[PDB]
Amino acid sequence: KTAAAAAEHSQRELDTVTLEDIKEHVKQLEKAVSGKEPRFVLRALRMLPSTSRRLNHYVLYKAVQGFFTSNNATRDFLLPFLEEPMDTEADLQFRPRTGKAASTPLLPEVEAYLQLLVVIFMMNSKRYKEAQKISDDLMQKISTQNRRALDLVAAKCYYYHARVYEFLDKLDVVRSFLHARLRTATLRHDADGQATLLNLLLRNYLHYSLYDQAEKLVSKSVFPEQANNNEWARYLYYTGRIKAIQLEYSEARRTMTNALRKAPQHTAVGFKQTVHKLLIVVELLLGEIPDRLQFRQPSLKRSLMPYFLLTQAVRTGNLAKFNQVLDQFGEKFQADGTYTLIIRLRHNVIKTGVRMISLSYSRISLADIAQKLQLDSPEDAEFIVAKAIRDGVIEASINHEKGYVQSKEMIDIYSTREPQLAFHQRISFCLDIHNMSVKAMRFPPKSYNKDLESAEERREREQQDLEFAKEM
Amino acid sequence: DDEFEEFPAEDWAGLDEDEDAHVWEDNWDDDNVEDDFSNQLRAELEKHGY
Amino acid sequence: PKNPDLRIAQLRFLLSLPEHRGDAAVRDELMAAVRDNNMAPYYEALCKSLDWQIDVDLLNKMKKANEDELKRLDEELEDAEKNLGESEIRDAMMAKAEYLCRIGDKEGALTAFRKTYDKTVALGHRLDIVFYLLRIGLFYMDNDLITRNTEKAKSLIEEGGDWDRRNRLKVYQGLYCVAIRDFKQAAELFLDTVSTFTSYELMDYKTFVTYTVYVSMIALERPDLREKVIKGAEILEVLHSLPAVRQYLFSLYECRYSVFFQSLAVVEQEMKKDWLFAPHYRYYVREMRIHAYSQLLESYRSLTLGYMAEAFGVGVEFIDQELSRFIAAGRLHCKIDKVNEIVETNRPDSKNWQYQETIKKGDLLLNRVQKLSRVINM
Amino acid sequence: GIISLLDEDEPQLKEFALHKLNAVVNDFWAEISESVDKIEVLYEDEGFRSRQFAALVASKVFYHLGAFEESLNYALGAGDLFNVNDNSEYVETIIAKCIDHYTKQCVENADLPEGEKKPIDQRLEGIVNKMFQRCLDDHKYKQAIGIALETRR
Amino acid sequence: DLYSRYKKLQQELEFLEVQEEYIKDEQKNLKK
Amino acid sequence: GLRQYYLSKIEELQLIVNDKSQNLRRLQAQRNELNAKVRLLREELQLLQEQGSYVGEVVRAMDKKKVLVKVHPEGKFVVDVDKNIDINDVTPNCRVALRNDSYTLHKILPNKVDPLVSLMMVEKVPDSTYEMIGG
Amino acid sequence: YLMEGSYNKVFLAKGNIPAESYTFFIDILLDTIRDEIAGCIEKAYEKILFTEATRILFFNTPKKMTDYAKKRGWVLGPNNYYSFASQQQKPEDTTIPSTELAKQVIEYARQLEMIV
């Protein structure tokens with residue numbers, strides 16, 4: 001039993017600390033309601049993911065018996081969900097609420113938090129059918145109430161509820177739930193909760209191919225300005241992919257890059273790869289070459305390899321390399337649900353090559369164009385070369401009769417007005433950040449004006465004495 | 001912080017032996033995947049008979 | 001000043017990075033490892049190729065030697081505290097650090113050297129301590145450590161002349177700039193120390209000139225060579241002992257382009273094997289080629305690539321293929337007409353590049369400032 | 001995409017789809033957001049059998065597009081058909097707007113109540129009173145007094 | 001009761017907008 | 001009843017009031033600093049006219065919280081000490097201040113150069129270490 | 001194929017359909033192809049005889065181009081077709097840029113002095 005004894009020390013140490021931790025959190029929720037301002041609620045909620053994996057069956061068992069001291073229905077059904085710890089010789093009376101507090105019914109906020117915990121622990125427990133049932137009880141209750149502080153906690157409960165169905169692989173069943181919730185979220189409430197809902201309702205559309213009706217919701221529904229800087233990261237990504245599939249590339253790149261910089265740095269490493277993967281594909285379609293810095297990061301080296309090799313063929317005008325790169329890694333493109341965007345790169349592989357070929361040569365034989373671009377024939381080279389001229393890919397015209405593509409000497413770009421346009425873009429935003437910087441400057445000043453230099457009584461007393469002697 | 005577990009985190013499986021550990025001005029011109037330069041030159045003289 | 005032997009690094013590199021060099025280094029490398037009682041480097045020494053199963057017996061007697069020595073200094077340390085002290089105590093700790101640095105891992109050495117720094121009251125020795133931190137830092141390419149003590153050494157050199165140390169510092173800094181792909185700094189620093197090379201510990205003079213000539217041409221322009229490496233008295237004499245390198249330098253100036261490539265191929269293969277240059281061996285060959293092309297195209301206006309196919313190395317399709325890639329890259333101002341087989345030069349003013357990069361430089365800084373903003377205030 | 005069948009010029013066939021939309025006017029309303037305004041076109045149509053049930057759908061769709069002014073306008077078009085089930089989480093959203101619009105209309109009228117005043121819609125007026133009586137029938141008197149003052153009646 | 005609150009706050013909001021014009025009006029004068 | 005048109009408008013006003021109040025304090029705190037700055041600069045003219053303070057050296061502390069100081073080109077004086085300054089800090093030779101006419105120690109100014117250090121500055125025996133020792 | 005200029009394949013696929021003749025749609029593509037091809041050739045090229053454009057796509061010597069030329073330009077001459085494109089008189093002007101630039105700089109002044 002030596003091995004069991006060693007495990008007992010670790011288990012006992014962990015549960016005691018967290019149990020005290022839950023008590024600290026609950027007081028914050030009571031504090032937030034006590035002060036009538038919902039800001040405190042986030043203080044316990046933020047740590048919720050960190051403490052998510054720091055709870056055991058023993059931890060939860062006391063909580064249900066501890067916080068819900070009143071003989072509520074919870075003990076009727078909550079106990080069977082969670083395995084009861086065996087009779088322990090070292091038993092202590094753990095009552096978070098004493099006297100009137102224990103008898104007094106738990107507030108909705110504390111009620112939401114605790115129930116939020118049991119589902120969370122169950123999720124780590126892999127039990128789903130049970131989680132959904134409990135989730136339904138927790139979710140059904142918070143809809144009936146209309147407390148202002150409950151919205152913040154409800155937001156989290158809103159999210160994890162969908163996750164429960166995710167492992168349940170239902171999705172469709174929960175869609176109407178969010179749509180209705182966003183229905184009440186906009187009007188009955190006004191913010192801080194529909195941000196989480198919008199991402200969730202948006203997510204279900206992406207999980208399937210339901211892009212057609214997904215774009216409808218974005219165009220109509222708006223998003224709160226106060227999105228906690230965490231929900232905003234998801235909103236940009238999903239909205240980035242929606243525009244990505246519909247040829248709205250220009251805003252696709254800007255939306256994602258904004259999501260990238262607003263995305264958490266230290267954690268959320270899993271979704272950094274997915275956001276990066278789509279951005280490099282969206283950039284490639286646009287034509288701009290993605291930066292090489294993020295193909296060398298420790299957490300992106302392996303993931304981006306199937307996409308780094310792609311950028312090797314796209315950057316080089318040759319088309320055969322792209323085809324030879326597709327057959328090698330086509331499967332992983334299937335696996336990541338992005339192959340749809342790659343099969344449309346064949347046009348870009350020609351546009352880039354024709355751009356460089358027309359940039360480096362001045363009068364190249366029409367047949368020679370096909371060989372360098374692996375066009376497979378000279379007859380069709382004219383059209384794409386001809387077509388490339390219309391869109392503005394290259395400038396100079398072609399000699400149909402002779403059979404050579406000529407290029408115009410495009411020099412002295414500085415005189416043109418384009419450099420001023422490029423400077424306006426940088427100038428406008430650079431002058432923007434300074435305005436924002438002053439925005440946070442007027443917050444810090446708070447009760448910092450009453451600061452006497454040396455003193456008040458000492459100066460006054462000395463002056464009066466000197467004046468009397470000055471006269472005589 | 002509020003880490004996102006919904007998006008799977010791909011396994012790192014990285015080379016922790018400091019393969020490169022170099023900070024340069026790396027551009028995209030360093031990976032043309034060409035077979036060195038001596039080889040191309042070496043076959044050049046023989047290909048043209050010189 | 002050879003305790004942080006840099007030559008060991010070269011043997012390690014030749015053994016590890018080039019997968020096709022595993023035959024001759026087996027002889028020289030082993031003797032050094034056993035000699036001097038190197039144990040920590042040995043632990044990682046076998047971690048590259050394979051376990052080398054028959055190795056425990058050889059180091060069975062070697063490990064015990066280390067323990068006796070360290071206790072010897074520890075015993076001497078107690079005597080040092082209870083004896084003359086001051087100078088005696090400082091040498092004792094320095095003696096310990098030198099062995100620890102010369103034996104194995106930094107951590108004991110780095111903590112040891114830092115401890116002795118405070119007790120050393122002579123500025124001259126402080127440079128000795130810091131200079132060691134450059135050697136072991138350069139050994140393992142520890143940019144974080146190297147990038148710091150270099151400023152530390154420079155600050156110390158300001159107080160008191162120590163011009164000899166400053167000249168020594170230039171070579172050490174020069175090596176760093178050559179490990180990193182910053183040749184321009186290395187050429188300026190190395191050329192200043194060509195006439196003053198007291199750092200025989202690494203890169204004996206014969207190799208120092210080759211490095212100064214290998215980076216001089218990729219760094220500076222033609223008028224600068226005329227009075228820095230060609231007319232230079234110090235460098236021209238050393239090349240007499242080196243036939244291969246001398247023909248490489250003068251080929252570019254003499255415009256014998258055919259011999260240039262044959263000389264650039266050998267430097268190509270030698271740079272890969274050589275440590276501190278393999279990381280950017282590909283960059284050197286490609287960059288030198290562009291430097292050669294622009295040299296030839298500058299004079300004329302409408303030379304034919306058929307003429308280039310002979311005076312710049314054999315091949316008409318190679319010059320066509322090679323030239324095309326470089327024009328697209330944005331360098332090598334020239335523009336090719338295939339049907340008539342003629343390349344016509346152009347003269348882009350020194351503003352398009354200047355503007356094209358002031359926006360690209362600005363973007364890099366601008367992105368950095370943006371990322372700082374999001375870091376603060378959530 | 002079931003609303004697809006709204007152009008066959010078949011008066012009985014058209015209405016069958018409109019019946020279905022209301023039950024699915026929340027799960028996937030988005031598709032019928034702006035690409036389909038034919039609900040109003042049919043609500044002006046002389047075909048009858050409609051002009052009050054389309055208004056139910058017509059106002060419901062505009063409910064979450066946010067244009068409460070449009071939602072209020074069509075909502076009254078259903079008349080007794082719309083607010084009959086006065087017990088729900090939707091009736092209160094429009095009614096809360098009917099009082100909102102009326103109060104902004106009654107006040108503007110008080111400036112020039114001696115003729116040449118705006119023709120306050122009769123149907124809206126009845127709705128607020130019907131809500132007003134629901135206050136009295138609920139016996140809650142405190143709320144009743146204020147709404148009288150706000151309405152300027 | 002409730003009417004004593006809806007119309008009691010209405011005054012407060014129409015008040016905070018008056019201090020937004022005096023404070024932002026003295027700034028243009030204090031700075032001068 | 002009607003607690004859905006009446007508890008909804010009340011809440012909407014509550015939100016529109018908190019943000020405006022939040023914006024206000026950020027706006028009147030800014031003005032408060034500017035008002036103070038004008039006040040400070042307006043009192044400087046009336047402040048940069050009180051007679052300056054003599055600078056002296058306290059040779060030795062005395063009893064009853066009284067010190068004996070020697071003023072710059074002038075005779076010695078026994079002067080009282082302002083209560084803001086503890087007599088314990090008043091030490092042998094150091095630099096102090098006197099008010100203008102009712103001399104009283106105001107502040108312990110930066111310490112004067114030690115007389116020995118002056119000797120080491122006139123005489124300039126160069127600093128040397130064992131490293132620059134030869135043979 | 002339509003996204004790029006590769007069109008010789010489009011007619012090759014026009015004769016290879018998986019479901020059926022599908023001609024109810026290929027007729028629609030004809031409007032989306034010929035109009036595009038003519039537009040591309042409209043650039044500042046030189047004369048093109050009525051021998052390439054005639055036997056290029058599917059037809060040998062029809063009258064469609066005659067109608068095609070009539071509704072498009074391609075002035076008829078001595079077997080000489082012209083396609084002139086200058087786009088030079090309109091550019092090289094700053095008076096219109098003057099009004100746009102003036103508004104731009106003022107905004108820099110606007111957002112540099114007044115408090116937001």
# chains A, B, ... in the order shown; residues from 1 in each chain; ligands from 1
>>> select_by_dssp(residues="chain F", states="strand (DSSP E or B)", output="PDB file with N, CA and C atoms, in the first residue's frame")
ATOM      1  N   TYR F  54      19.735  81.850   3.337  1.00  0.00           N
ATOM      2  CA  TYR F  54      21.179  81.735   3.462  1.00  0.00           C
ATOM      3  C   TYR F  54      21.591  80.270   3.494  1.00  0.00           C
ATOM      4  N   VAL F  55      22.808  80.001   3.033  1.00  0.00           N
ATOM      5  CA  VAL F  55      23.395  78.666   3.086  1.00  0.00           C
ATOM      6  C   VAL F  55      24.566  78.709   4.053  1.00  0.00           C
ATOM      7  N   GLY F  56      24.545  77.827   5.049  1.00  0.00           N
ATOM      8  CA  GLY F  56      25.557  77.820   6.084  1.00  0.00           C
ATOM      9  C   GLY F  56      26.026  76.413   6.392  1.00  0.00           C
ATOM     10  N   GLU F  57      26.970  76.332   7.323  1.00  0.00           N
ATOM     11  CA  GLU F  57      27.563  75.076   7.744  1.00  0.00           C
ATOM     12  C   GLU F  57      27.457  74.989   9.259  1.00  0.00           C
ATOM     13  N   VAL F  58      26.972  73.856   9.756  1.00  0.00           N
ATOM     14  CA  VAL F  58      26.703  73.669  11.177  1.00  0.00           C
ATOM     15  C   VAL F  58      27.935  73.026  11.801  1.00  0.00           C
ATOM     16  N   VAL F  59      28.698  73.819  12.554  1.00  0.00           N
ATOM     17  CA  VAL F  59      29.935  73.310  13.134  1.00  0.00           C
ATOM     18  C   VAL F  59      29.642  72.271  14.206  1.00  0.00           C
ATOM     19  N   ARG F  60      28.680  72.545  15.081  1.00  0.00           N
ATOM     20  CA  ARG F  60      28.364  71.615  16.153  1.00  0.00           C
ATOM     21  C   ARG F  60      26.947  71.852  16.642  1.00  0.00           C
ATOM     22  N   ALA F  61      26.233  70.761  16.890  1.00  0.00           N
ATOM     23  CA  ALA F  61      24.888  70.864  17.423  1.00  0.00           C
ATOM     24  C   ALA F  61      24.925  71.312  18.878  1.00  0.00           C
ATOM     25  N   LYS F  66      18.759  73.538  19.374  1.00  0.00           N
ATOM     26  CA  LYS F  66      19.392  74.705  18.783  1.00  0.00           C
ATOM     27  C   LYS F  66      20.756  74.313  18.238  1.00  0.00           C
ATOM     28  N   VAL F  67      21.119  74.908  17.104  1.00  0.00           N
ATOM     29  CA  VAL F  67      22.356  74.579  16.414  1.00  0.00           C
ATOM     30  C   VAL F  67      23.165  75.850  16.222  1.00  0.00           C
ATOM     31  N   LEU F  68      24.468  75.671  16.058  1.00  0.00           N
ATOM     32  CA  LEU F  68      25.397  76.773  15.854  1.00  0.00           C
ATOM     33  C   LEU F  68      25.997  76.642  14.465  1.00  0.00           C
ATOM     34  N   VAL F  69      25.638  77.568  13.576  1.00  0.00           N
ATOM     35  CA  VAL F  69      26.007  77.493  12.172  1.00  0.00           C
ATOM     36  C   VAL F  69      26.835  78.713  11.804  1.00  0.00           C
ATOM     37  N   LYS F  70      27.723  78.522  10.835  1.00  0.00           N
ATOM     38  CA  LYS F  70      28.541  79.596  10.285  1.00  0.00           C
ATOM     39  C   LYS F  70      28.046  79.863   8.872  1.00  0.00           C
ATOM     40  N   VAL F  71      27.685  81.114   8.594  1.00  0.00           N
ATOM     41  CA  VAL F  71      27.103  81.433   7.301  1.00  0.00           C
ATOM     42  C   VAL F  71      28.195  81.807   6.306  1.00  0.00           C
ATOM     43  N   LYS F  76      29.318  83.780  12.648  1.00  0.00           N
ATOM     44  CA  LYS F  76      28.611  82.630  13.178  1.00  0.00           C
ATOM     45  C   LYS F  76      27.278  83.056  13.779  1.00  0.00           C
ATOM     46  N   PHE F  77      26.380  82.087  13.923  1.00  0.00           N
ATOM     47  CA  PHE F  77      25.062  82.351  14.474  1.00  0.00           C
ATOM     48  C   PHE F  77      24.549  81.104  15.175  1.00  0.00           C
ATOM     49  N   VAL F  78      23.848  81.316  16.282  1.00  0.00           N
ATOM     50  CA  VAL F  78      23.117  80.261  16.970  1.00  0.00           C
ATOM     51  C   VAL F  78      21.652  80.438  16.606  1.00  0.00           C
ATOM     52  N   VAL F  79      21.089  79.458  15.911  1.00  0.00           N
ATOM     53  CA  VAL F  79      19.781  79.585  15.287  1.00  0.00           C
ATOM     54  C   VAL F  79      18.898  78.426  15.719  1.00  0.00           C
ATOM     55  N   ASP F  80      17.606  78.701  15.865  1.00  0.00           N
ATOM     56  CA  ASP F  80      16.646  77.657  16.178  1.00  0.00           C
ATOM     57  C   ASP F  80      16.426  76.763  14.959  1.00  0.00           C
ATOM     58  N   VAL F  81      15.747  75.641  15.184  1.00  0.00           N
ATOM     59  CA  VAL F  81      15.558  74.617  14.163  1.00  0.00           C
ATOM     60  C   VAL F  81      14.069  74.407  13.942  1.00  0.00           C
ATOM     61  N   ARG F  95      25.829  71.059   5.313  1.00  0.00           N
ATOM     62  CA  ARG F  95      25.267  72.266   4.721  1.00  0.00           C
ATOM     63  C   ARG F  95      23.778  72.364   5.019  1.00  0.00           C
ATOM     64  N   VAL F  96      23.359  73.520   5.529  1.00  0.00           N
ATOM     65  CA  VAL F  96      21.989  73.773   5.937  1.00  0.00           C
ATOM     66  C   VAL F  96      21.538  75.107   5.346  1.00  0.00           C
ATOM     67  N   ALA F  97      20.322  75.514   5.703  1.00  0.00           N
ATOM     68  CA  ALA F  97      19.732  76.753   5.220  1.00  0.00           C
ATOM     69  C   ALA F  97      19.091  77.511   6.374  1.00  0.00           C
ATOM     70  N   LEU F  98      18.977  78.825   6.200  1.00  0.00           N
ATOM     71  CA  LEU F  98      18.333  79.704   7.165  1.00  0.00           C
ATOM     72  C   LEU F  98      17.312  80.568   6.438  1.00  0.00           C
ATOM     73  N   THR F 104      16.421  79.919  10.669  1.00  0.00           N
ATOM     74  CA  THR F 104      15.947  78.642  11.171  1.00  0.00           C
ATOM     75  C   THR F 104      16.244  77.592  10.118  1.00  0.00           C
ATOM     76  N   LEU F 105      16.803  76.467  10.544  1.00  0.00           N
ATOM     77  CA  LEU F 105      17.164  75.434   9.590  1.00  0.00           C
ATOM     78  C   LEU F 105      15.938  74.983   8.808  1.00  0.00           C
TER      79      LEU F 105
END
>>> residues_around(residues="residue 337 (chain A)", least_positions_apart="4", cutoff="10 Å", atoms="only C-alpha atoms", output="list in words")
residues 207, 209, 331, 332, 333 and 341 of chain A
>>> residues_around(residues="residue 37 (chain G)", least_positions_apart="6", cutoff="10 Å", atoms="only C-alpha atoms", output="tab-separated table (two decimals) with N, CA, C and O atoms, in the first residue's frame")
chain	number	residue	atom	x	y	z
A	383	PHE	N	-4.14	33.20	-75.38
A	383	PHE	CA	-5.34	33.66	-74.68
A	383	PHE	C	-5.01	34.09	-73.26
A	383	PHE	O	-5.34	35.21	-72.84
A	386	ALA	N	-3.03	36.91	-73.50
A	386	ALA	CA	-3.97	37.96	-73.88
A	386	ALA	C	-4.88	38.32	-72.72
A	386	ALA	O	-5.10	39.50	-72.44
A	387	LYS	N	-5.43	37.32	-72.03
A	387	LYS	CA	-6.30	37.60	-70.90
A	387	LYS	C	-5.55	38.30	-69.79
A	387	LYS	O	-6.07	39.24	-69.17
G	5	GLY	N	-7.11	32.51	-69.03
G	5	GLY	CA	-7.38	32.67	-70.44
G	5	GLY	C	-7.49	31.39	-71.23
G	5	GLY	O	-7.78	31.44	-72.43
G	7	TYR	N	-8.87	28.87	-73.14
G	7	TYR	CA	-10.18	28.67	-73.75
G	7	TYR	C	-10.22	27.54	-74.76
G	7	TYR	O	-11.29	26.96	-74.96
>>> residues_around(residues="residue 68 (chain A)", least_positions_apart="3", cutoff="12 Å", atoms="only C-alpha atoms", output="JSON, numbers by chain")
{"A": [60, 61, 62, 63, 64, 65, 71, 72, 73, 74, 75, 76, 78, 79, 94, 95, 96, 97, 98, 101, 102, 103, 104, 105, 106, 107, 108, 110, 111, 114, 115]}
>>> residues_around(residues="residue 19 (chain D)", least_positions_apart="4", cutoff="10 Å", atoms="only C-alpha atoms", output="PDB file with N, CA and C atoms, in the first residue's frame")
ATOM      1  N   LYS D  14     -49.405  29.470 -53.474  1.00  0.00           N
ATOM      2  CA  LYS D  14     -48.517  30.420 -52.810  1.00  0.00           C
ATOM      3  C   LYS D  14     -48.732  30.420 -51.304  1.00  0.00           C
ATOM      4  N   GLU D  15     -49.986  30.512 -50.871  1.00  0.00           N
ATOM      5  CA  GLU D  15     -50.258  30.718 -49.456  1.00  0.00           C
ATOM      6  C   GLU D  15     -49.776  29.548 -48.616  1.00  0.00           C
ATOM      7  N   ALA D  23     -43.432  29.017 -38.762  1.00  0.00           N
ATOM      8  CA  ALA D  23     -42.836  27.990 -37.919  1.00  0.00           C
ATOM      9  C   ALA D  23     -41.325  27.915 -38.082  1.00  0.00           C
ATOM     10  N   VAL D  24     -40.789  28.408 -39.198  1.00  0.00           N
ATOM     11  CA  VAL D  24     -39.354  28.362 -39.456  1.00  0.00           C
ATOM     12  C   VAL D  24     -38.832  29.773 -39.676  1.00  0.00           C
ATOM     13  N   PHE D  53     -51.973  37.486 -42.660  1.00  0.00           N
ATOM     14  CA  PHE D  53     -51.017  36.461 -42.267  1.00  0.00           C
ATOM     15  C   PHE D  53     -49.629  36.751 -42.806  1.00  0.00           C
ATOM     16  N   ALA D  54     -49.535  37.321 -44.006  1.00  0.00           N
ATOM     17  CA  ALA D  54     -48.241  37.790 -44.482  1.00  0.00           C
ATOM     18  C   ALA D  54     -47.691  38.863 -43.556  1.00  0.00           C
ATOM     19  N   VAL D  57     -45.933  37.253 -40.857  1.00  0.00           N
ATOM     20  CA  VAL D  57     -44.586  36.912 -41.297  1.00  0.00           C
ATOM     21  C   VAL D  57     -43.812  38.169 -41.663  1.00  0.00           C
TER      22      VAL D  57
END
>>> atom_distance(atom1="CA of residue 213 (chain C)", atom2="CA of residue 176 (chain C)")
16.7 Å
>>> interface_residues(of="chain C", to="chain F", cutoff="8 Å", atoms="only C-alpha atoms", output="VMD selection string")
chain C and resid 122 124 to 125
>>> select_by_dssp(residues="region 162-312 of chain C", states="alpha helix (DSSP H)", output="MDAnalysis selection string")
chainID C and resid 163:179 183:193 205:219 222:225 233:239 243:254 257:273 281:299 305:311
>>> atom_distance(atom1="CA of residue 416 (chain A)", atom2="CA of residue 92 (chain G)")
9.0 Å
>>> closest_atom_pairs(of="chain B", to="chain A", cutoff="6 Å", atoms="only C-alpha atoms", output="JSON lines")
{"residue": "B:3", "atom": "CA", "partner": "A:268", "partner_atom": "CA", "distance": 4.8}
{"residue": "B:4", "atom": "CA", "partner": "A:268", "partner_atom": "CA", "distance": 5.1}
{"residue": "B:7", "atom": "CA", "partner": "A:271", "partner_atom": "CA", "distance": 5.0}
{"residue": "B:8", "atom": "CA", "partner": "A:270", "partner_atom": "CA", "distance": 5.1}
{"residue": "B:9", "atom": "CA", "partner": "A:270", "partner_atom": "CA", "distance": 3.1}
{"residue": "B:10", "atom": "CA", "partner": "A:270", "partner_atom": "CA", "distance": 5.9}
{"residue": "B:12", "atom": "CA", "partner": "A:299", "partner_atom": "CA", "distance": 5.7}
>>> write_last_selection(atoms="N, CA, C and O atoms", output="compact mmCIF listing (two decimals), in the first residue's frame")
# COMPACT_ATOMS: atom_id res chain seq x y z
N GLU B 3 -7.77 30.39 -22.73
CA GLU B 3 -7.30 29.63 -23.88
C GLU B 3 -8.46 28.93 -24.58
O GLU B 3 -9.43 28.50 -23.95
N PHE B 4 -8.35 28.80 -25.90
CA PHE B 4 -9.38 28.18 -26.72
C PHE B 4 -9.00 26.71 -26.93
O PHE B 4 -8.05 26.41 -27.65
N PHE B 7 -10.49 24.65 -30.80
CA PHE B 7 -9.60 24.39 -31.92
C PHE B 7 -8.51 23.42 -31.48
O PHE B 7 -7.77 23.72 -30.54
N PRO B 8 -8.39 22.25 -32.11
CA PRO B 8 -7.37 21.30 -31.67
C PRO B 8 -5.98 21.89 -31.79
O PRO B 8 -5.68 22.63 -32.73
N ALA B 9 -5.12 21.57 -30.83
CA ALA B 9 -3.73 21.99 -30.85
C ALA B 9 -2.88 20.88 -31.44
O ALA B 9 -2.75 19.81 -30.84
N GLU B 10 -2.32 21.12 -32.62
CA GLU B 10 -1.52 20.11 -33.29
C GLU B 10 -0.27 19.79 -32.48
O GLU B 10 0.32 20.67 -31.85
N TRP B 12 3.39 19.26 -31.32
CA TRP B 12 4.58 20.01 -31.69
C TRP B 12 5.56 19.12 -32.46
O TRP B 12 5.86 19.37 -33.63
>>> residues_around(residues="region 13-19 of chain G", least_positions_apart="6", cutoff="12 Å", atoms="only C-alpha atoms", output="PyMOL selection string")
chain G and resi 1-2+6-7+25-30+57-58
>>> write_last_selection(atoms="N, CA and C atoms", output="tab-separated table (two decimals), in the first residue's frame")
chain	number	residue	atom	x	y	z
G	1	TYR	N	-10.88	27.11	-66.11
G	1	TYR	CA	-10.51	27.48	-67.47
G	1	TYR	C	-10.99	28.88	-67.81
G	2	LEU	N	-12.23	29.20	-67.44
G	2	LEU	CA	-12.73	30.55	-67.68
G	2	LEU	C	-12.01	31.57	-66.81
G	6	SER	N	-7.25	30.24	-70.61
G	6	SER	CA	-7.27	28.97	-71.33
G	6	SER	C	-8.68	28.71	-71.84
G	7	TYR	N	-8.87	28.87	-73.14
G	7	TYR	CA	-10.18	28.67	-73.75
G	7	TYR	C	-10.22	27.54	-74.76
G	25	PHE	N	-27.17	25.17	-71.74
G	25	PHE	CA	-26.24	26.03	-71.03
G	25	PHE	C	-25.06	26.47	-71.88
G	26	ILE	N	-24.52	25.57	-72.69
G	26	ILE	CA	-23.42	25.94	-73.57
G	26	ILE	C	-23.79	27.15	-74.41
G	27	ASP	N	-25.05	27.24	-74.84
G	27	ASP	CA	-25.49	28.44	-75.55
G	27	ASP	C	-25.30	29.68	-74.69
G	28	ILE	N	-25.49	29.55	-73.37
G	28	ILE	CA	-25.31	30.69	-72.48
G	28	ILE	C	-23.84	31.07	-72.41
G	29	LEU	N	-22.95	30.07	-72.39
G	29	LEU	CA	-21.52	30.36	-72.33
G	29	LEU	C	-21.05	31.12	-73.57
G	30	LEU	N	-21.64	30.83	-74.73
G	30	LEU	CA	-21.27	31.54	-75.95
G	30	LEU	C	-21.33	33.04	-75.75
G	57	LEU	N	-12.12	29.66	-83.65
G	57	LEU	CA	-12.88	29.01	-82.58
G	57	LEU	C	-13.56	27.72	-83.04
G	58	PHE	N	-14.58	27.85	-83.90
G	58	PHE	CA	-15.26	26.68	-84.44
G	58	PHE	C	-15.61	26.78	-85.92
>>> decode(residues="region 21-34 of chain F", atoms="C-alpha atoms", output="compact mmCIF listing (two decimals), in the first residue's frame")
# COMPACT_ATOMS: atom_id res chain seq x y z
CA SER F 21 -21.04 58.98 -16.21
CA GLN F 22 -17.99 56.81 -16.85
CA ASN F 23 -16.95 59.12 -19.68
CA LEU F 24 -17.60 62.18 -17.51
CA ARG F 25 -15.21 61.37 -14.68
CA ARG F 26 -12.53 60.70 -17.29
CA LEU F 27 -13.37 64.20 -18.54
CA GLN F 28 -13.49 66.19 -15.30
CA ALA F 29 -10.35 64.55 -13.92
CA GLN F 30 -8.57 65.89 -17.00
CA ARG F 31 -9.88 69.40 -16.38
CA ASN F 32 -8.99 69.29 -12.69
CA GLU F 33 -5.31 68.90 -13.56
CA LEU F 34 -5.47 71.83 -15.98
